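Asker:
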Ligand SMILES: Cn1c(=O)n(CCCO)c(=O)c2c1nc(Oc1ccc(/N=N/c3ccccc3)c(OC(F)(F)F)c1)n2Cc1ccc(Cl)cc1
Ligand SMILES: Cn1c(=O)n(CCCO)c(=O)c2c1nc(Oc1ccc(/N=N/c3ccccc3)c(OC(F)(F)F)c1)n2Cc1ccc(Cl)cc1
Ligand SMILES: Cn1c(=O)n(CCCO)c(=O)c2c1nc(Oc1ccc(/N=N/c3ccccc3)c(OC(F)(F)F)c1)n2Cc1ccc(Cl)cc1
């Protein structure tokens, strides 16, 4: 209800043209969301497959990533898909890659998967979203009045 | 389909030869055609063309004064042929026609208006000599709109201004002012009006470009105290006129009246002993330094060192050398030194207030910032005075009640120190490298302020839906803290104020993920709240903050285009604020008969040079080598006639 | 400065007027001046004006033939006037001069080479009719050896010369453009001119193909020398412009396809649902009803895609808790038995593709090395599983297993393996008109990212060296059950090189806390130094280094996106042509010329004739078309006046 | 055929109502640029030239009396609504018809407009 | 409406021909015209 008040911006000489050009650099973002979703699915399918054999629920008041002491980040597909999403904003801690065992080899592989996902999605994928958005505003503002 | 002809007819079978004779340059045939048609031979010497051109019209397209004279020798209808000749740039046809329902011109067009539209010195002069007038610009909306744009277009032509204006400089200053005002009230015709305003601004610069001496330039800028016409050129916002190389070179000679580490040391040394120069100017301004402080560059340096000393005193107020925690304390030794600076700033602002009469005083950012800072300082002084006579005594600061006057005074003083240190930005326009950067950094700041209208709406929309869901779960049992600003963040969405606070700190990632939890087993409302938080996070940084920089890039391109005239305008405005007398003491202290003839001669010479340059700028610029080719064949034809 | 004219001379007092008369076009004056036959009053007919122009060369500059013939009748010295006439493109001067130390032309320049340079059809044909030969392109004064080689390649790569002296202009343009591209890599000083010469050769083939009038001609050009033989030959030579032509793209799409937004996706899904029906029908009976239906390339593409999405489904279903506890050395489950046919089919396809090319141009592409890594990882997984099954048995708690256990490594490698399997599916974006150009221009700007890694890694190593050298003497391991930065209380960030190298990587994303720079001692000076170096690394990598990685990507996106439709069309046709043949119509789960020359040359002759006609008779206008109109009028006037009297 | 049927000279010479053929042909030349995707960059430009022709034709009005007759041909503003349906953004965003529309819409300074708008909006129930 | 449309089309045609014929390209015509006039005068005298 409160997000429909923006449609009234097309009545001011200043906020009018800006809103029209904003809604035209939005079909470009939709096209770029078919790659991030595939990358997210590909990395979740690996992280969950690696970490699904270490699911524990002993002596914990809560269970999930939305907790004071995060745990079971990659235990299930539902939690893996939404723990990777929250890592774009830096709200997932590093210790969630550990397990209750001395298996140092698997923890390193999981941390490497997490870091590889972080690199691709944040410095390789979100930087070329700006590159094509800036190079499409030029072709949009030519016919904007 | 079967294509046909609609609403048209055929011309003739005999008039085709007559119309082709004037087209192919023949003269004997056209002589015979009109001579034989004397006794009503039904040839209709006023024919028509597929393009709509009569016999007289074609003779003007291909300029042939002999055919035109032969035609006007007989009784032929002229109609709007004078307008056609004026628009077709034929001086001979215009001269011939001057002394002798379907139209392609609007009813409001007069020959003088169209000639001024064409911008030709000879035709405009010829029309003016015979005596013409233009209506004064002040039911039908379409006709009244395209009748004042035509008048203003004809009134802003450089040729007409140079021809029939008593003072072409003033009528170019005022014309650009009226045309720029009219663009605001005339939203449909806004591009047309703003282009004419720019044209009148370049005319003044081009007319000033024809000064061949330093005595002619010192006579134009000093007309009607010192630099009187230069100050008037700024009131009308003539950026091109001010930012002229000769004007800047003349102004730099009054500003100043070497390597970087031969001048930085000199500036530091000069600014080291500003109190000595101030004392010398205050006790005896005869020889030693009573005029040294009067130099604009020395005065600028001394005024900067005084402000830098003031900022250093505000840094020493927080040192623990300069008090216990007692209610209503006496001012420290540092604040006693701070007081004169504040009093001087207040006095300067007061003495500057009445000059503008509260009109255009609050027009720039810096004057409003000064007002806010001065008001905050006055509030600090008032609160410190109040707290001394009523809320006295000594008490531990942990036991004080919030809203205590001694606390509000310190808070208001702390806020005022931020504004006084940010005022140092305005000194960046005096540098060649930091100058243009600051101008481009303040003109795209207004660009940002338009994207902050949508962020407020999005923030309000999401805070409406988060609080509405999370308000019923508020609890404060066993909690010494209540809010997000503590180690265990809680009640993040329990009230509208804290919902607005916690939705702003999430832009920088300072809000943890467990604040979306409740002390219950309701795992469906928790997921919904987390989804709202995530959706707000998505379209605030990935989407909304990405198009903020996408348009910043493409608005910096236009700003940086003309970025050297704006910086020079700002620097000249900063410079001339130190030329005059009054305010030469730092804030720590201080607590026309034989005049018009020369100008008229200079103006006559300048206009003559301008017209001499403008005739060559058009008659020569692959068009100059077109009249020689016609002259060669004309001479050949004349020679052949002479021999034959 | 009292300046003077250095290193010059003066011409004469008499021949200046003769040169002026020659310039003005006065026939009588220059005729009587030259009448000093064998008795001259010290006037040289070979005088040189101060700008180097000669009387014979002056008439060439105005292409006025009367004084040209008059001078030629008196045996004036020519020397190189033919080259000047060729360069200025005057047909009459070349006609007259063809039958009769300082030079402004490079010594190895021959008239044919310069004529081919000017790209004038008439002069080249005129010279060829007499019989000439350009040296073949196939070291002591290397400056003029490279210049001479460049000149003959510029003459060879001219549309006019190719159109009248080539057996097959469609073939001499493919090879010559290929060798021009690879010759720009061995001569790096002239790489900007060799590569711009090859680009004009690719446009020539496209322009020659643009002159087809009917579909009968087009299908005969591309089928020369089983099907679409010449079209595949152009793909081998990387002729993107030739391939991405609308007229041939239409035919290729007609072969590919052999409705609205909601009317196409639904039927695509409907076709893809019964993937294993008309795949077993193919094996049972290849009849027109069902066996030949999958033969359509569009249907075959959908079958291979739905069969791959099915593989990605039960790949996602192998991590479910429903489908062999935590037992040591287990047998494969029921999902892995279904997984095995897909892996076997992929391995068989890679094996049959391996020897088909001999690892030349087969592993050079990025979409084959990833596949090889994927099958290698799958093979390692199955080998580790079968090794662990025969030497390990007994149910044991998982927490008690020692690391490097074969089962653990097997599942880790399997988890790594299927990440690449899902990421390979991004290669199908090139078949869609919306995600096609976006994906093609996505992996092309990615190559510019690889160059910032070479400086990022150097900065990382430089700072890691200093951080380790400072902090390696303070490490401790008592009272710490958990050790490292992947812990609730990070304690040993900069203790070893391996830990320092990865604690600086995690600081890009802000996952390293500020208390990891503290030591268990009252040494404030070293702690401050370590914090300062950590902050300096943060500033350089996040405020400077990564800020200017995006500052060029948009400035390089402009060049990439300029011709972004030709590359996408080339990729799409490369994808299409892999489904046009027989051999791949079996998804991996179910796989475990006497007259021809006559017609071709008779079509090509007409094509070349149309091209040359449109190139000469339709390019004089491209203002210059009306310049000769005034000359025609003046010539008619002159002829009428002269003949009347 | 389409490139010849879109020429302004032929429309201005052999059309009963050129304001309608520039609307109808510009619409069917825009949706035709999708079925023939191979030749689409030239069909789109062909449709674009049929949109500027209408704007140029409507730019020849001399008085406001004839302008109100063009926009009201065939209730009120019957042809302005028809142009919006055909997505003729150039025919609609013309200064003369903008100025006419603004007079119907409205039927002051920065601080003299907001203070009046808020007063009007604060007394809307009555 | 038909009368107004006729006026509009006539004005548009006039503007189109004026803009197309005039737009350097017009400078060619005044050369051909004077050449033809001189030629016709020469033939008339002879
Ligand atoms: C993806 N990732 C990752 O997930 N974690 C988490 C591990 C779990 O704790 C890292 O710690 C890490 C990392 N990436 C790097 O740094 C580079 C830098 C450049 C590279 N390549 N540059 C180029 C340049 C040009 C051409 C080709 C490659 C590169 O790739 C590489 F070297 F192959 F691994 C890795 N680190 C830090 C690190 C590095 C080395 C070591 Cl021995 C230990 C930690
Ligand atoms: C907004 N958000 C969110 O608040 N949380 C927090 C929930 C509680 O913490 C998420 O966890 C989350 C999320 N977004 C995604 O991932 C996508 C990405 C793109 C999508 N669609 N893209 C397009 C692009 C173009 C056209 C159409 C769609 C999409 O589909 C969806 F849901 F419809 F947005 C979901 N996740 C992670 C996640 C995903 C799936 C599942 Cl089952 C669980 C978690
Ligand atoms: C790199 N770094 C850092 O690692 N830590 C961590 C130390 C332990 O936690 C800081 O705290 C820090 C810092 N940088 C600054 O602030 C600047 C910023 C720009 C400067 N100059 N910019 C330019 C730009 C162009 C040309 C010349 C100079 C500059 O001047 C200086 F010192 F020279 F860098 C200082 N601070 C905060 C700080 C400031 C002052 C003080 Cl006394 C203490 C802390």
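Chains as they are written, first to last, in the authors' numbering: chain Z, 488 to 632; chain D, 19 to 118, 135 to 172, 187 to 272, 284 to 316, 324 to 388, 391 to 659, 698 to 727, 731 to 753; chain U, 19 to 118, 135 to 172, 186 to 272, 284 to 316, 324 to 388, 391 to 659, 698 to 727, 731 to 753; chain L, 199 to 272, 284 to 316, 324 to 342; chain F, 705 to 727, 731 to 753.
Each residue gets a CB set at the ideal place from its N, CA and C atoms; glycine is no exception.
Under the DSSP definition of a beta bridge, which residues are partnered with residue 394 (chain D)?
Answerer: In DSSP, residue 394 (chain D) forms a bridge with D:462.
Asker: Do you know how far the Cα of residue 210 (chain L) is from the Cα of residue 204 (chain D)?
Answerer: Their Cα atoms are separated by approximately 37 Å.
Asker: Can you tell me which residues form a DSSP beta bridge with residue 72 (chain U)?
Answerer: Answer by DSSP bridge pairing, in chain order: U:66.
Asker: Which residues, in chain order, does the region 236 to 256 of chain L contribute to contact with chain F at a C-beta distance below 7 Å?
Answerer: Flagged, chain order: 254 and 255.
Asker: Is it right to say residue 81 (chain D) is buried, meaning 16 or more other beta carbons lie within 10 angstroms of its own, or is it exposed?
Answerer: It counts as buried.
Asker: How close, in whole Å, do the beta carbons of residue 274 (chain L) and residue 304 (chain U) come, if the pair is a contact with beta carbons under 8 Å?
Answerer: Residues lacking coordinates in chain L include everything strictly between 272 and 284, among them residue 274 (chain L).
Asker: Span of the alpha helix (DSSP H) holding residue 117 (chain U)?
Answerer: Where residue 117 (chain U) is concerned, there is no enclosing alpha helix (DSSP H), given that its DSSP letter is neither H nor E.
Asker: Would you call the CB atoms of residue 262 (chain L) and residue 190 (chain D) closer than 8 Å?
Answerer: A contact, by the Cβ cut-off of 8 Å.
Asker: Does any C-beta atom of chain D lie closer than 8 Å to the C-beta of residue 265 (chain L)?
Answerer: Yes, residue 265 (chain L) counts as interfacial toward chain D.
Asker: Alpha carbon to alpha carbon, how far is residue 575 (chain D) from residue 541 (chain D)?
Answerer: Rounded to the nearest angstrom, the two C-alpha atoms are 24 Å apart.
Asker: DSSP three-state label for residue 286 (chain U), please.
Answerer: Three-state DSSP puts residue 286 (chain U) in coil, outside helix and strand.
Asker: Relative to ligand 3, what is the chain-ordered list of residues with a Cβ closer than 6 Å to any of its non-hydrogen atoms?
Answerer: Cβ atoms closer than 6 Å to ligand 3 belong to U:595, U:598, U:599, U:602, U:603 and U:606.
Asker: For chain F, check one thing: does any of its Cβ atoms lie closer than 8 Å to the Cβ of residue 194 (chain D)?
Answerer: Not one chain F Cβ lies under 8 Å of residue 194 (chain D).
Asker: Looking at residue 513 (chain Z) and ligand 2, is the gap between the Cβ and the nearest heavy atom below 7 Å?
Answerer: It does not: the Cβ of residue 513 (chain Z) is nowhere closer than 7 Å to a heavy atom of ligand 2.
Asker: 8 Å is my cut-off, CB to CB: does residue 206 (chain L) come that close to chain F?
Answerer: Residue 206 (chain L) counts as touching chain F.
Asker: Closer than 6 Å by C-beta to residue 228 (chain L): which residues in its own chain qualify, once you throw out the five before and the five after it? Chain order, please.
Answerer: The residues are 245.
Asker: So which residues on chain D does residue 718 (chain F) lean against when the C-beta distance must stay under 8 Å?
Answerer: Those are 69, 70 and 138, listed as they occur along chain D.
Asker: Please tell me whether, using a cut-off of 7 Å, the distance from the CB of residue 517 (chain U) to the nearest non-hydrogen atom of ligand 1 is below it.
Answerer: Yes, the beta carbon of residue 517 (chain U) sits closer than 7 Å to at least one heavy atom of ligand 1.
Asker: Consider the Cβ of residue 308 (chain U): report whether some Cβ of chain L lies at a distance smaller than 8 Å.
Answerer: Yes, contact with chain L.
Asker: Tell me the rounded alpha-carbon separation between residue 309 (chain U) and residue 270 (chain U).
Answerer: So the alpha carbons of these two residues sit roughly 12 Å apart.
Asker: Using C-beta distances below 7 Å, list every residue in its chain close to residue 544 (chain U), excluding the 5 sequence neighbours before and after it, in chain order.
Answerer: Closer than 7 Å at Cβ, skipping near neighbours: 550.
Asker: Can you give me the C-alpha to C-alpha distance between residue 240 (chain U) and residue 247 (chain U), rounded to a whole angstrom?
Answerer: C-alpha separation (whole angstroms): 11 Å.
Asker: Whole angstroms is fine: what's the gap from residue 629 (chain D)'s alpha carbon to residue 623 (chain D)'s?
Answerer: When rounded, the distance between both Cα atoms is 10 Å.
Asker: Should residue 549 (chain U) be counted as a contact of ligand 1 given a C-beta to heavy atom distance under 7 Å?
Answerer: Every heavy atom of ligand 1 is 7 Å or more from the Cβ of residue 549 (chain U), so no.
Asker: Would you mind telling me which residues of chain Z sit closer than 9 Å to residue 512 (chain U), beta carbon to beta carbon, in chain order?
Answerer: Neighbours of residue 512 (chain U) on chain Z, chain order: 615 and 618.
Asker: Quick check on this structure: which residue in U:632, U:488 and U:580 has the alpha carbon closest to the alpha carbon of residue 497 (chain U)?
Answerer: The residue with the shortest Cα to Cα distance from residue 497 (chain U) is U:632.
Asker: Could you check if residue 591 (chain U) is buried or exposed, using at least 16 other CB atoms within 10 Å of its CB as the buried criterion?
Answerer: Exposed, by the Cβ-count rule.
Asker: Take the Cβ of residue 412 (chain U) as the centre, count every other Cβ of all protein chains shown within 10 Å, and call the residue buried at 16 or more, exposed below.
Answerer: Buried, by the Cβ-count rule.
Asker: Mark residue 146 (chain D) as exposed unless 16 or more other C-beta atoms lie within 10 angstroms of its C-beta, in which case mark it buried.
Answerer: By the 10 Å Cβ count, residue 146 (chain D) comes out buried.
Asker: By DSSP, does residue 387 (chain D) sit in helix, in strand, or in coil?
Answerer: Coil.
Asker: Checking 8 Å against the spacing of the C-beta atoms, do residue 444 (chain D) and residue 473 (chain D) come in under that value?
Answerer: No, Cβ-Cβ distance for residue 444 (chain D) and residue 473 (chain D) is not below 8 Å.
Asker: With 16 as the cutoff for other CB atoms within 10 Å, does residue 601 (chain Z) come out buried or exposed?
Answerer: Answer is buried; the Cβ neighbour count reaches 16.
Asker: Do we get a CB-CB distance below 8 Å when we pair residue 191 (chain D) with the residues of chain B?
Answerer: Any reference to chain B falls outside this structure, whose protein chains are Z, D, U, L and F.
Asker: Are the CB atoms of residue 45 (chain D) and residue 61 (chain D) nearer to each other than 8 Å?
Answerer: Contact flag unset, no.
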